[PDB]
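>>> here is the sequence, then the experimental structure:
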Amino acid sequence: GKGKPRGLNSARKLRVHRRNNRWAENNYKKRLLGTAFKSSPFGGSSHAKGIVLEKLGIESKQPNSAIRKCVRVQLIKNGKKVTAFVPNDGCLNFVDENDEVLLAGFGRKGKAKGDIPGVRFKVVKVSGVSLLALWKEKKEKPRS
Amino acid sequence: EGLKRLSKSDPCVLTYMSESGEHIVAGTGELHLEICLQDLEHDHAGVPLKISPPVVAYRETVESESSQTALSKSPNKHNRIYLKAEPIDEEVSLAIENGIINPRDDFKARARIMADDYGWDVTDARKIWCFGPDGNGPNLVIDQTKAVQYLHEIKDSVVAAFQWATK
Amino acid sequence: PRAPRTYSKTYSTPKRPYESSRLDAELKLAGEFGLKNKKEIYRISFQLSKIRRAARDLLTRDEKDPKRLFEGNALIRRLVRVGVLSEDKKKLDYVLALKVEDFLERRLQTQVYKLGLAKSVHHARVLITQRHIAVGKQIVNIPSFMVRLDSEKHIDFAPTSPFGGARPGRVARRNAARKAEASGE
Amino acid sequence: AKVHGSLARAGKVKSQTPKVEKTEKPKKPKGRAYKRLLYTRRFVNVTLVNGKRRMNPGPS
RNA sequence: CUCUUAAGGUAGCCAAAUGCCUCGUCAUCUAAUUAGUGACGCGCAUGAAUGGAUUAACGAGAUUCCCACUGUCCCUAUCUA
RNA sequence: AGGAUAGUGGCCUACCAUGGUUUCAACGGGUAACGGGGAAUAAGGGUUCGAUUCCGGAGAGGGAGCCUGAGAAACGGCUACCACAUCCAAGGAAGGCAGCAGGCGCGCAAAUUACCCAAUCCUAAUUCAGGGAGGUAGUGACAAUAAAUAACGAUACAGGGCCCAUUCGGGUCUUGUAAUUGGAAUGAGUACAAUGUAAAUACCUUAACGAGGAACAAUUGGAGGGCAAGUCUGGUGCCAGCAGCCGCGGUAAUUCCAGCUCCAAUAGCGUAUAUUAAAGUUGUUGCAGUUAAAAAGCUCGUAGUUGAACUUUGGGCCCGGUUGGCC
RNA sequence: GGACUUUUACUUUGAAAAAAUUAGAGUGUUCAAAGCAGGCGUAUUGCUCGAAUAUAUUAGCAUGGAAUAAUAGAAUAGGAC
RNA sequence: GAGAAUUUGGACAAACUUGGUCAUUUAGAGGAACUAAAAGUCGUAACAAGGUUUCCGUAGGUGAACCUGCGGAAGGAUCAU
RNA sequence: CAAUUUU
């Protein structure tokens, strides 16, 4: 037909041919080479807790504005260095200094979304206080 | 975690982060810190430590009213804004780092409460927007300049330009 | 260790998630019957879509086999037996033709309005779960029941539990003392 | 970049919004009674069709 | 652009057998190294057949380190001609 | 040929010979690789898992050797070495929780120093003993299944099924509206007796007390598109913030923060990561190769794959076999 | 029992493919997930049906067909009864 | 005859030392890249024939894109004597 | 034939 030989006794020249041309997939190499935890600072899983060394603040690119106020966190298990991001109407005062703090990824297989450069993660709770319950403050602040 | 339960290992020891960015432990005496700090190397963390004298609050203050008011040299193509300052007193400083007048406030409130018993006039909220750092720090401006040439920008770029170089 | 318990979930949501002419055909269907949520109109359409998934593979089979003969005239016996498919459709292809309101007419809450007896379909939910009407003699507080052709010649109220008698109902125990020493003594 | 977030600049539109107290309405139904209630709102007493149909006619 | 009296250190290289300031500064080697090494270079005063940069073999060439070996030392004793 | 085994054999030794596998992928390396029955996904063909309710293999800190015994290279048996390691009078002894509990450390991550042989089996010298095997509980929004959060009216108002007329609207009912009310009904509860059980809790029953919105109180998202739903209003004005994507915000934002209203799923609801369908964006069934990524510069060539055709048809006769038909 | 039929691929049937889970008959766990039970006689010391069935690849194991895809003996006749 | 210590010789060899080889992680003064944000400073090679037609190999120079020599090709600015 | 920029 077009290459790809239609011999009846010809399985191996189509079976070596498949998983030779399987390496071109954008995610198949990150499956079996194990690359998901030789970088990308978890063990190929959801979350980990870090430590607030200090914070910082980035201004976005064009066309965008309104500095986005991220935080500087070193992570617990590999000593790797990636920052976080704090999405609320404030609560940067709520995440105080030198706390343990739980992380989460932005959804797009890493790959910082459209306008926050140099970021990889967001925060789901800070020393187990569930800042969703403190931004929309349906909680007190337990001790931190 | 190790000093999170050395905090509760002894019913007087207070263990906290000093606001100059360093951890501070307090003993009742002078060998208490040695029997404790050997029991941080032992049983708790296992890692060598530095045991330093602490550092303190070095906050300085402009002197009387700063009579000498000479020129500054900025230039980038055109620019000229410069300045000379004077203190505000200790009773109004204590009256601003408590939460009695701080921004979010009404301008007639902070303008006439400025003239209740503070020595100042009633004309200091059409002479500033609000203040900082933190909306707390004892650092105020007064708009004693002339008629403005449509420069709304110097009420956000100057509060943004105001912690620096003040911090 | 003792045995694994075997259990399955019984509903599967549609795959285009939400649009107007799908949701409006829900709300007029599931609202005039007036049912709880989409957990049950999915779960009858679940097993509806699975028995047709069963049926049209023995329909792929020919007759004179075992399976299109043996169980083929057994579920079409059973669809007669559950009261859903009427006594004129023993033809092995009309089971593929039936659809909703026919797995709904033979539940409790719809069928009990059809004998009068309930004044509404939403009184007919209060008619069921508040320890009221039996079927032959055993009592039933479950609306999605699948009446099997033989209780509807015996469906009445409970032996106890008024509008059904045998005890005059016991908010009138609260309205005994508020009837006795409130209308005199 | 290096620190210019300037936490005086923070959630300021949380700070300067005027928050009134939330109101108090009668209790809406639930269960099947709320799905009873929205049944009649579509094809029984459809209020203002303004050409063909509109569900919530914001006043204009 | 610019001035001496013509053109102003290019590729390379280094405290090197050329660098007083000098025991320059950094990392390694050892308990300790002004000696080594590998980097830095606005080099008092490096540099292109007054040849620059490398380089296998070789050297009674200069130099530092390591393994084995020993009266070089601790700490000397003894014997023979 | 001999040894040794419980028993064949390079399983080990003496002698002799030079072989054995391999582009149908040997050998080496990786495995976050115990194998299988099996899961999740679902037009067909699949893809990714499977440490774990069963089967079988291995291990009892790490290796090694061991006597007893039918059966151990046992580890709730032993000896030695390493690495841990616990006591003490310093002289010496003492071990192996990856059995059940409970702790530590790690981590994003996971219960109770609970009771009982009463069930189901096993064990012995054996109908009686025993078993953290196992079972009953406790914690338990891992996953699942059934379905509370209310009827049903009256009144009054407004509309039209509806027979009428200039009804100044009279009638039937209808559908919504209202805190103006009504007399009904019941478990969510609580809790006698009973049942259950090794025992007791809890359900299945069931006394007697127990419902009018606030109390016997449903939330999690969302409202420019994809994507169902607010051109409603206030605050902010490239700030604060949002937004998976596209974009919003620069003095009324239909995307921001709130108040109302609405849409969604609903006792569950979003988020985060790895997955399968969607993806005919991996393709045998089923891709593309002039210009979008791609056809070797061209020609030999062993593989391997694929390879012109023809080698006994046509019958006739008999026999019974099934199914749909027969005035 | 002698005897030896070129050698396979394919395909029909049967056997096998532990069992639970996936299907699937039956069966009012009050319904369902589920279980595999039950159902009725006199209640004067009892009658009885069940606990189905199917898939379970490939490798073998026997079992018919000879189209399809290959295969071999009579060129020097050391051919054949 | 039983028989404890002791004891010769063989095998099993735990453990240990020295040499390699391979894999896995990891510290390291400094060097040489690459990416991103647009605010820039020198120019304007590319898009028109971009004003010297343009592109591919290759050799040489060149602050910088670049330029130039050769053999090609039209993806051109000619489907034509 | 001289010819290069233009937020």
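Yes, it's here. Residues are numbered from 1 along each chain as shown, chains lettered A, B, ... in the order given.
>>> around RNA strand H, which positions in chain D sit nearby?
Residues of chain D found near RNA strand H (CB under 7 Å from any atom of the strand): none. Every C-beta, even on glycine, is put in place using the N, C-alpha and C of the backbone.
>>> how does it look with 10 Å?
Within reach of RNA strand H by CB under 10 Å from any atom of the strand, chain D has these residues: residue D:1.
>>> and if you look at chain A?
A:34, A:38, A:59-64, A:78-80, A:115, A:117-118.
>>> try 6 Å
A:61-62, A:117 (CB under 6 Å from any atom of the strand).
>>> now do the contacts for residue B:166.
For residue B:166, the contact set (CB atoms under 8 Å, 6 or more residues apart in numbering or on different chains) comprises B:133, B:137, B:139.
>>> so the last one sits right up against residue B:132, yeah?
Yes: checked against CB atoms under 8 Å, the pair residue B:139 and residue B:132 is within contact range at 6.6 Å.
>>> mark which of the contacts of residue B:166 are buried, thanks.
For those, a burial check counting by 16 or more other CB atoms under 10 Å in any protein chain shown picks out B:133, B:137.
>>> and which of the contacts of residue B:166 is nearest chain A?
Of all those, chain A sits closest to residue B:133, with 12.9 Å by CB to the nearest CB.
>>> contacting residues around that closest one?
So residue B:133 contacts B:139, B:162-163, B:166-167, D:8 (CB under 8 Å, 6+ apart).
>>> before we move on, back to that, hey, what's in contact with both of residue B:139 and residue B:132?
residue B:162.
>>> okay, and residue C:179 sits in which element?
Taking DSSP states H and E as the criterion, the element that holds residue C:179 is helix C:174-180.
>>> so for stretch A:50-59, what gets flagged as buried?
Applying a neighbour-count criterion of 16+ other CB under 10 Å, the buried positions in stretch A:50-59 are A:50, A:52, A:55-58.
>>> dump these to TSV, plus secondary structure.
Listed next are the buried residues of stretch A:50-59 as TSV, based on DSSP: H, G, I helix; E, B strand; the rest coil:
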residue	secondary structure
A:50	strand
A:52	strand
A:55	strand
A:56	coil
A:57	coil
A:58	coil
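>>> what is the nearest of those to residue A:26?
residue A:58 (27.9 Å; CB to CB).
>>> residues in contact with the residue in chain B positioned nearest to chain C?
Using CB to the nearest CB, the closest approach of chain B to chain C is made by residue B:1 at 37.4 Å. Counting by CB under 8 Å, 6+ apart, residue B:1 touches no other residue.
>>> what number of residues lie near residue A:44?
Using other CB atoms under 10 Å in any protein chain shown, the number of residues around residue A:44 comes to 11.
>>> surely it touches residue A:36?
Yes: taking CB under 8 Å as the definition, residue A:44 is a contact partner of residue A:36 at 3.6 Å.
>>> joint contacts of these two?
Joint contacts of residue A:44 and residue A:36 (CB under 8 Å, 6+ apart) do not exist.
>>> helices or strands next to the longest helix that chain A contains in the packing?
Counting residues, the longest helix in chain A under DSSP state H turns out to be helix A:12-18. Judged by 3 or more CB pairs under 8 Å, 6 or more residues apart in numbering or on different chains; DSSP states H and E, helix A:12-18 has no packing partners among the helices and strands.
>>> give me the distance between the nearest residue to residue A:87 once chain neighbours are set aside and residue A:141.
Excluding the flanking residues, the one nearest residue A:87 by CB to CB, 6 or more residues apart in numbering or on different chains is residue A:122, at 6.2 Å. Separation of residue A:122 from residue A:141 (CB to CB, to the nearest Å) stands at 20 Å.
>>> equivalent analysis for residue A:94, please.
Distance from residue A:94 to residue A:141, by CB to CB: 7 Å.
>>> looking at the two, which is more packed in?
The neighbour count for residue A:94 versus residue A:141, taken as other CB under 10 Å, is higher for residue A:94 (17 against 14).
>>> quick one: the strands in the chain?
Defaulting to chain A. A:50-55, A:71-75, A:101-105, A:121-126 (DSSP state E).
>>> got the angle for the third one vs strand A:71-75?
Relative orientation of strand A:101-105 with respect to strand A:71-75: 90 degrees, computed using axes from the mean of the first three to the mean of the last three CA atoms, to 10 degrees.
>>> now do strand A:101-105: distance to the chain's middle.
Computed by CA atoms, centre = their mean, to the nearest Å, the chain-centroid distance of strand A:101-105 equals 8 Å.
>>> what is whichever helix in chain B runs longest packed up against?
As assigned by DSSP H, the longest helix anywhere in chain B is helix B:32-41. Under the contact definition 3+ CB pairs under 8 Å, 6+ apart, helix B:32-41 sits against helix B:2-6, strand B:22-26.
>>> how about it, does it reach RNA strand F?
No: counting by CB under 6 Å from any atom of the strand, RNA strand F has no neighbours in helix B:32-41; the shortest distance is 13.7 Å.
>>> next one: that helix to chain centre, how far?
Centroid separation between helix B:32-41 and its chain, computed with CA atoms, centre = their mean, is 34 Å.
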